[PDB]
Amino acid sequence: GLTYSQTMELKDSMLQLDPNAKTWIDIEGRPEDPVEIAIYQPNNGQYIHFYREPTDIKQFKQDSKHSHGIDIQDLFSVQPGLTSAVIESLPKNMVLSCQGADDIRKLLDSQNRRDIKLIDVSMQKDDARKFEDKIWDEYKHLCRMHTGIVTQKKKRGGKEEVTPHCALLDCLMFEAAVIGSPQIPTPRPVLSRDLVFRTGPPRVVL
């Protein structure tokens, strides 16, 4: 799990969030086995974003192919235990905005955070992604984990290749849809990379 200095840094980093500010939350993966979480405050730009290795490899392969496009191999070096640690430290009675609340509600309740309230902004699914292309054009550098091809079924038949779903860029584009343009304030990560990923192997000497 997390060490001591680590945990204290995580808690300090999160205090950078304004407990009364508008805050989006989005996850990828099922709520019992999430693989990517983002918590984003558009007014000040601050976001908490991290990953988790799945326990169910089979369901993970389907989500990779039909939702997030993450390669399981790229999750082998994430820091364990962040999901429970972050959820435990969220401010009391915080009000979070989301696009579809049912799975997030289950995740939060599973961690005994029934005090956190959810506002389902309830945009139609295409409207919610109006600014998808613009947000990837501008912010792709903020998450490079979505490497695989993603296809989804259309209701009225057939399938199509779509842009992969990223918890972070989904928050950014949902804010863009609400404000009617991609001109959100500059987003900035609150977590250091060393809290998100295990220390990598030593660099190759080139």
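We number the residues from 1 along the sequence you see.
**OP:** State whether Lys65, though modelled here, is left unmodelled in a third or more of the other entries compared.
**Re:** No.
**OP:** Check whether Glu160 goes without coordinates in at least a third of the other compared PDB entries of this protein that model residues on both sides of it.
**Re:** Yes: coordinates for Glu160 absent from at least a third of the compared entries.
Subject >> Selected stretch [higher average CA B-factor]: 78 to 86 or 123 to 131 >> reply: The stretch with the larger mean CA B-factor is 123 to 131.
Subject >> Selected stretch [higher average CA B-factor]: 145 to 153 or 30 to 38 >> reply: Per the PDB entry, the higher value belongs to 145 to 153.
Subject >> Residue of maximum C-alpha B factor among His68, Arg52, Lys159, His49, per deposited coordinates >> reply: When the deposited C-alpha B-factors of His68, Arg52, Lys159, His49 are compared, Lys159 is largest.
Original post:
How does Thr186 rank on Cα B-factor within its chain, lowest, middle or highest third?
Top reply: Answer is middle: the recorded C-alpha B-factor places it there.
**OP:** Tell me, lowest, middle or highest third: where does the Cα B factor of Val178 rank within its chain?
**Re:** It falls in the middle third of the chain.
Original post:
Hey, what third does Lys22 fall into on Cα B-factor, ranked over its chain?
Top reply: Its C-alpha B-factor belongs to the lowest third of this chain's values.
Original post:
When the modelled residues of the chain are sorted by Cα temperature factor, does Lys92 land in the lowest, middle or highest third?
Top reply: For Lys92, whose C-alpha B-factor we compare with every modelled residue in the chain, the answer is the highest third.
**OP:** Can you work out whether the C-alpha temperature factor of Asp56 puts it in the lowest, middle or highest third of the chain?
**Re:** Its C-alpha B-factor belongs to the highest third of this chain's values.
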